[PDB]
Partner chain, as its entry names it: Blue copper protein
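Below you'll find only one chain, the form deposited without the partner chain, shown as C-alpha cells.
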C-alpha cells in the first residue's frame, strides 16, 4: 500500500462547471493519480456593470477544476507558478494530512513549480485553496480554491447502504468578493494585482462582500452557460465555499440526498429544501429531475443571490407532470 510501487495514471482536468470523466464504483485498486495545475493571475470582469477583480486562479478559472479520485488513491499534484505572475502561491488540500494540507511543501514563487503527493484516505468533497504565509485570505477571496472529490471505491450509498448513482456532475464554486470603492462611490479598477492589496484588505475586514458569485461572475451559470439536465437524470451538485458560509437551494427542486458537510462515509440526509455549506468546505447534493423547465440554483440568503450574484440556472428538458404540479386556475379576475 506503498505508493512508490503503485500504478500511476495521469488525468486531464476540465473547466468548471463540468467535472473530468471518472468512474463512481470502480474495480480498480489504489492508484497514484497525477494532475497538473498552472496558476494564473488575471483581471476579470465580474458583473455586467464593468466591475473588475484583480483575480488569482488555479488553471484560469474560478473555481479551479475539480479533481476526482477514489478512497485509498494518492493525489499527486504538480503546481506551476509561471514567471508572468507577480505573487508566490501554494496549495492547501483539506483532503490531505500534515504540512498545513501540503501548503508547506508547495510554496512556489513566480517561475517555479513543485510536486506534492498525499494519500486520499477519506471519502468526500474537500476544498483545496492557496494559503501563502501572511496573505491567506486575500489569495482565497481573489479566486484560489476548488474541490477534491474522493469517491468511495464502492460509489455513493444511502443511509441503509443502497447504491446511489449520478448521471452528470456539476461543480459550483461560490466566491464572496470584496471589491474596493473609491471616494466617488465607484468600484476601483487596478492596473496591477499588487495595487489592489491594501484597499482589498480594508473591505475584507468589514465582512461585507461587494459581490458573491458562482464561478467567477454574476450570471456565470445562466444563458448559454446555464447548467443542463433532462427529466429522469440524477445530477450531483458539488458546491464549494472556501471562506464563507452559504445555503444552497434548487427552486422547484430538492436535495434528494445531501452530504452538507460533504463527507461520504456519513449517511446523507434526504428531502432537503436548503442545505448548508460551512465556509472552508465543500458539500454535495444529488437530485433526480422530475419536471422540465428552467430552475434556479442559488444561495438562499436571497439578497446574496439576487442582489449580490449568488445564483445560476439549470435548464431541464422533458415532459411536464401534472400529477406533481398543475395550474388548476390561471391568473384571472377575482370573482365578484
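Numbering follows the first chain given and starts at 1.
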Average Cα temperature factor in the PDB entry - higher stretch of 179 to 187, 140 to 148:
179 to 187
The stretch carrying the higher mean Cα B factor in the deposited entry, 204 to 212 or 158 to 166, is 158 to 166
By the CA temperature factor listed in this entry, which of these ranks top: 256, 174, 233, 92?
233
Highest Cα B-factor in the deposition, which of 270, 278, 300, 290?
290
Would you please rank residue 217 by its C-alpha temperature factor against the other modelled residues of its chain and give the third it falls in: lowest, middle or highest?
middle
Residue 252 - Cα temperature factor, lowest/middle/highest third of chain
middle
Chain thirds by Cα B factor, record data; residue 107 belongs to the middle
Which third of the chain does residue 115 land in by C-alpha B-factor: lowest, middle or highest?
middle
So where's residue 153 on the chain's Cα temperature factor ranking, which third?
highest
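Form solved in complex with the partner chain: not shown, discussed below.
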In the bound PDB entry, does residue 158 come within 4.5 Å of the partner chain, counting heavy atoms only?
no
Would you classify residue 150 as touching the partner chain in the bound PDB entry, given a 4.5 Å non-hydrogen atom cut-off?
no
How about residue 110 - does it come within 4.5 Å of the partner chain in the bound PDB entry, if we only consider non-hydrogen atoms?
yes
Can you check whether residue 180 is within 4.5 Å of the partner chain in the bound PDB entry, heavy atom basis?
no
Partner contacts for 133 to 171, taking the partner chain in the bound PDB entry and a 4.5 Å heavy atom cut-off:
135, 138
